[PDB]
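In the block that follows, a single chain appears as structure tokens, in the form deposited in one PDB entry.
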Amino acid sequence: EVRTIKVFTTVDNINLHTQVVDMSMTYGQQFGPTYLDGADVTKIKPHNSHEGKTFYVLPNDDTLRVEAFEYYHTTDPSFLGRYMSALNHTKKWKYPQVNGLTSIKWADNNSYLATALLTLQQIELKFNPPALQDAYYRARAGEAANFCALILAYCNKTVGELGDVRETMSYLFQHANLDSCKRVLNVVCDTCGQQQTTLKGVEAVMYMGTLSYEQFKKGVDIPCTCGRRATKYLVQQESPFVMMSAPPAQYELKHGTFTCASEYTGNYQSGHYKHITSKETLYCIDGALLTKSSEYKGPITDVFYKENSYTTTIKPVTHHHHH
């Protein structure tokens, strides 16, 4: 005798697909890789209690391939498996409210994700994939498991794997609407003259080499191809924030001069991230932990600043000689 139950399959947890499954065959024999709220049930046969429940599957048919792309903006074949695998862990993490923001209690080497999530709640950023829009809204309300699992999937990081905050933000920004962001730079060499460049989108809001926005406006020394040290400085900026990054180094964060920052203690193989936010005082959020101070000095790697529109008032030759 053939026994069956009705279940629903999905790739986006919105659009459902009715299935009649044979209770003598595993989900994998019938759907391929199958997950129940992150749990891998591929090798499990249907239970009575599964009737009417929704299972994630991989995009096997054309219908599912379109739904998955429209929701996630990826066609990487393993994406849904990686998201589900991560979700099985992140649904067990805790997301405490710390100083009015959703943080993450430490687990599974997740300090880089905690400071990324805290940072997002302090900068103006809109995501493009519906999956991130929906999950980020939930994360702001305090239910951040799906958002964290999506970050891991989009960044191709597994739970427990070491992550870099700058790289994680770069991926998040790649999936955000930054088309209104513009940056104009000028590079001045005594030998080679002046070279202006215009950057757009993610490249307009990220810079690697100095933590100081003020120093970037004054001028930073970089190598020129001729071998001399040229001066690079910010000509014009149109964006709601900027992110300045550098290899970790002792750095003083002054209250009221920045939005938030990330601190990395450790080395290239093992470390830990903390988050610093400048509000009525300086708050240091370390997952679930919170401390305060009037001054802060530590190995800072990333600093975020507010912006709207900036235009330099100084001529190039003045930046080259006075930075």
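Just count from 1 along the sequence shown to find any residue number.
Between 247-255 and 127-135 (mean CA B-factor, as deposited), the higher: Between 247-255 and 127-135, it is 247-255.
Per the entry, higher mean C-alpha B factor between 97-105 and 223-231: According to the PDB entry, the answer is 223-231.
Given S239, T90, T197, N156, the residue at which the Cα B factor reaches its maximum: Most elevated C-alpha B-factor of the set, per the entry: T197.
Options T75, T119, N110, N186 - largest CA temperature factor per the record: Answer, based on the entry's C-alpha B-factors: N186.
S278, C-alpha B-factor rank within chain (lowest, middle or highest third): According to the entry, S278 has a C-alpha B-factor in the chain's middle third.
Record-listed C-alpha B factor of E70: chain third: Tercile = lowest for this residue's CA B-factor.
Assigned third (lowest, middle, highest) for the C-alpha B factor of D22: Its C-alpha B-factor belongs to the highest third of this chain's values.
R140, C-alpha B-factor rank within chain (lowest, middle or highest third): Tercile = middle for this residue's CA B-factor.
Entry-reported Cα temperature factor of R166, expressed as the chain third it lands in: For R166, whose C-alpha B-factor we compare with every modelled residue in the chain, the answer is the lowest third.
From this point on, the text means the form solved in complex with a small molecule, which you will not see here.
4.5 Å heavy atom contact, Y273 and the small molecule in the deposited bound form: Close contact exists here: in the deposited bound form, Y273 approaches the small molecule to within 4.5 Å, heavy atoms only.
Partner contact for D134 in the deposited bound form: the small molecule, 4.5 angstroms, heavy atom: No, no contact at 4.5 Å.
Partner contact for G266 in the deposited bound form: the small molecule, 4.5 angstroms, heavy atom: The answer is yes: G266 has a heavy atom within 4.5 Å of the small molecule.
Contact label in the deposited bound form: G81 to the small molecule, heavy atom within 4.5 Å: No, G81 stays farther than 4.5 Å from the small molecule in the deposited bound form.
Stretch in contact in the deposited bound form with the small molecule, which is absent here, among 117-125, 90-98, 158-166, 139-147 (heavy atoms within 4.5 Å): Careful reading of the contacts points to 158-166.
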